[PDB]
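Here's the structure we're looking at; comments come further down.
Note that these values count all heavy atoms, side chains included, but never hydrogens, waters or copies made by symmetry. Chain letters run A, B, ... following the sequence lines, proteins first and then strands; every chain starts at 1.
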Amino acid sequence: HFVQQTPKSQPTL
Amino acid sequence: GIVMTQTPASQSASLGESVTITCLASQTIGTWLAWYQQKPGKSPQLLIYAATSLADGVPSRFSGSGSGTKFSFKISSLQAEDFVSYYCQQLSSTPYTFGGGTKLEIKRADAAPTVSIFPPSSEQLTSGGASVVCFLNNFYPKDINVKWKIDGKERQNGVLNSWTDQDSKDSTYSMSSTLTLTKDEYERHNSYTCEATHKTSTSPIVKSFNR
Amino acid sequence: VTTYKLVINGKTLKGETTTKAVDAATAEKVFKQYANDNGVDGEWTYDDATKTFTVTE
Amino acid sequence: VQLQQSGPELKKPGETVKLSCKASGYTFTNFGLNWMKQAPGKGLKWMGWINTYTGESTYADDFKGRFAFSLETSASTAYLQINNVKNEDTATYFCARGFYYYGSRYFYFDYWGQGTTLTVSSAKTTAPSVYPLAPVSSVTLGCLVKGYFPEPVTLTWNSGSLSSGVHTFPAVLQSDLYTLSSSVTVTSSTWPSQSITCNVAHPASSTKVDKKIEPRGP
């Protein structure tokens, strides 16, 4: 799964 | 990057009335837009997100509208608690700019300031200082300008101003203005004057004394 | 440093204030400047057991 | 769920501050943390943000250089550091949680810290001078409270039994020291027949004084 803290940040898996 | 203009800076209203605040974005912002309330001495609190959505536990009177660049915030019947500051915020691209904010104040009948002047105390003079004080009390509306004169000459340097928030009981405003000089400079001039300009009087409201 | 106290007994100014200082003689200078800045001029005592100065008009 | 910030800070020009923001009630690394500045009578300014999962910080253009965000993940805490402080840093600082996640439709700041005050001054603790304000159908009196540091001072009239007719003004920092004033208004048959006294407290110097306002002519 992905963590995405803002709309324009890249997701971290 | 992207500018958020919030008009007007100050808004007058009464209990049970409705008010509308605008917010214009510099670019298209979609609906990535939030509204916050800030009471005096407290932190901001979210009221509306996604332009139109009410945050949880927030009362029905609050609402928001718009998308693109034009946005509004409405309160439908005002209570005592509502007369504080409100900010819009753009959340589309960094930096996430806030609007300049609007303060809601309570409307009342116009009232002239009560103006009082005080020379330096002998206590202060002994220490080598000299502060001349004016109180300009219980006026409405809030806009007012104070000018100091020494022997008829306008003086800006050494002046320290402070202002209260709207009174909870009578809805007026007050102001304090202190002109501080050295004892030595104070003893070289004779006439001291503070002059208040306010909507209630065509001429300045002045108090004065000769040393 | 140690906390010294000043009890003020003026004609119109009354109460107390404190200062943190290396010794009593240094605290005394701070206190006499304090009284002067407040228009208080009078007689001084000092009690070493309680670290307390007094100025009275 | 809470954001709990550290307490008030007093700094001399050129020193460093570090202030904390402790989050509780949720997984700390799920959401990022945003920092705002509010100068005394001014509006909210977004300084930047830190990714709580990644450690990557982003600074707004006005906050590049002296400003540094950091994390202590095991204590669920974010920090704001300001190096080489100056007069322009005197303000209140807030942290706020950015609510967003993968697949979310919405973005907003839901939880905010209670805010923390920074004051920049060369001054050390200094007790106030209290000066009387007397004139020379109603009468207005006052006390002028000059030359103290730091905030706050507290002021009442006749030990709190005169509360109507009172205006106590917010303190202003002028050149490293504070000044505050207060007026009280009574009927002219009241004073000087009955005494009127202002009670001034400045907890930081443990000062508690009473100043009687005596008349200075008819």
Side-chain angles (χ1 to χ4, degrees), chain B residues 120-131 160 178 180-184, chain C, chain D residues 8-15 119-133 143-155 171-182 197-212:
Chain B
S121 50
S122 59
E123 292 87 330
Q124 188 183 21
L125 289 172
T126 286
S127 77
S131 288
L160 174 147
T178 301
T180 289
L181 333 174
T182 55
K183 180 185 157 85
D184 269 59
Chain C
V1 318
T2 114
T3 298
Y4 296 89
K5 305 163 158 278
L6 174 63
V7 163
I8 133 101
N9 294 312
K11 295 185 241 247
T12 52
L13 189 67
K14 289 158 182 308
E16 76 198 309
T17 183
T18 70
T19 197
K20 275 182 259 190
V22 158
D23 52 44
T26 300
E28 175 165 345
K29 290 164 180 196
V30 171
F31 284 151
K32 289 174 170 172
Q33 187 66 234
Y34 172 92
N36 189 82
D37 295 342
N38 275 270
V40 176
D41 183 31
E43 298 204 8
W44 295 78
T45 69
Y46 179 63
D47 179 350
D48 196 51
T50 58
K51 313 301 188 255
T52 293
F53 286 87
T54 270
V55 64
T56 131
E57 290 198 295
Chain D
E9 299 270 6
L10 319 162
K11 283 318 202 286
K12 296 186 183 39
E15 274 158 16
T119 301
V120 177
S121 182
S122 56
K124 74 273 247 287
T125 302
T126 307
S129 311
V130 178
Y131 301 130
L133 297 167
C143 286
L144 209 219
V145 181
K146 267 190 75 66
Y148 70 88
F149 190 82
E151 271 278 82
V153 315
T154 262
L155 178 162
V172 356
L173 190 61
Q174 108 227 302
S175 21
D176 312 284
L177 306 166
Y178 284 100
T179 295
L180 110 25
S181 69
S182 187
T197 302
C198 70
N199 324 281
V200 175
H202 178 235
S205 64
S206 301
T207 296
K208 207 185 274 33
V209 297
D210 286 347
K211 179 80 199 189
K212 191 161 165 212

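- Counting heavy atoms from C-beta outward, D:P150 and D:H202 have side chains that approach closer than 4.5 Å.
- Residue D:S121 holds its OG atom at 4.0 Å from CG of D:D176, rounded to the nearest 0.5 Å.
- With C:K29 contributing its side chain and C:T26 its backbone, the two residues share no donor-acceptor pair below 3.5 Å.
- The OH atom of D:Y148 sits 11.0 Å away from the OG atom of D:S205 when rounded to the nearest 0.5 Å.
- Panel note: side chain D:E9, backbone D:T119; no donor-acceptor pair is recorded below 3.5 Å.
- A heavy-atom distance below 4.5 Å is found between the side chains of D:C198 and D:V130.
- D:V209 places none of its side-chain heavy atoms less than 4.5 Å from the side chain of C:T17.
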Practice task
Might you work through the side-chain contact (heavy atoms from CB on, under 4.5 Å) test for C:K51 and C:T3, ending with a clear yes or no?
Solution key: CA-CA 8 Å; C:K51 313 301 188 255; C:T3 298; over 6 Å; no

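- Looking at C:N38, its side chain never comes within 3.5 Å of a backbone N or O of C:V40 through a donor-acceptor pair.
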Exercise for the section: Give the C-alpha distance, both sets of side-chain angles, the deciding distance and a yes or no for side-chain contact (heavy atoms from CB on, under 4.5 Å) between C:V55 and C:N9. Expected result: CA-CA 6 Å; C:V55 64; C:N9 294 312; over 6 Å; no

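- D:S181 is not listed as a side-chain neighbour of D:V145, based on a closest heavy-atom distance of 4.5 Å or more.
- At a threshold of 4.5 Å between non-hydrogen side-chain atoms, the residues D:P13 and D:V120 count as touching.
- Side-chain atoms of C:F53 and C:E28, non-hydrogen and from C-beta on, do get closer than 4.5 Å to each other.
- Ring pair C:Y4/C:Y46 is tilted by interplanar angle, where 30° to 60° counts as tilted.
- Remark: C:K14 does not engage C:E57 in a salt bridge, criterion side-chain N to carboxylate O under 4.0 Å.
- D:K11 NZ: more than 12 foreign heavy atoms inside a 6.0 Å radius.
- Side chains of D:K146 and D:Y178 form no contact here, defined as non-hydrogen atoms less than 4.5 Å apart.
- No donor-acceptor pair closer than 3.5 Å links the side chain of B:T126 to the backbone N or O of B:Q124.
- Within a 6.0 Å sphere centred on CG of C:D47, heavy atoms belonging to other residues, nucleotides or ligands number more than 12.
- Between B:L160 and B:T180, every side-chain heavy-atom pair lies at or beyond the 4.5 Å cut-off.
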Exercise for the section: Please assess D:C143 against D:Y131 for the test side-chain contact (heavy atoms from CB on, under 4.5 Å), listing each intermediate value before the final yes or no. Expected result: CA-CA 6 Å; D:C143 286; D:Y131 301 130; over 6 Å; no

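- Note: C:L13 CG to D:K211 NZ = 5.5 Å, rounded to the nearest 0.5 Å.
- Counting only distance, with no hydrogens or angles, the side chain of C:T52 and the backbone of C:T50 share a donor-acceptor pair below 3.5 Å.
- When all heavy atoms of D:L144 and B:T178 are compared, the pair lying nearest together is CD2-OG1, 4.4 Å.
- One finds the CD atom of C:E16 at 5.5 Å from the NZ atom of D:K208 (value rounded to the nearest 0.5 Å).
- No donor-acceptor pair closer than 3.5 Å links the side chain of D:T207 to the backbone N or O of D:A201.
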Practice task
Determine, step by step, whether C:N36 and C:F31 satisfy the side-chain contact (heavy atoms from CB on, under 4.5 Å) criterion, reporting the C-alpha distance in whole Å, the side-chain angles of both residues, the deciding distance to 0.1 Å, and the verdict.
Solution key: CA-CA 9 Å; C:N36 189 82; C:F31 284 151; over 6 Å; no

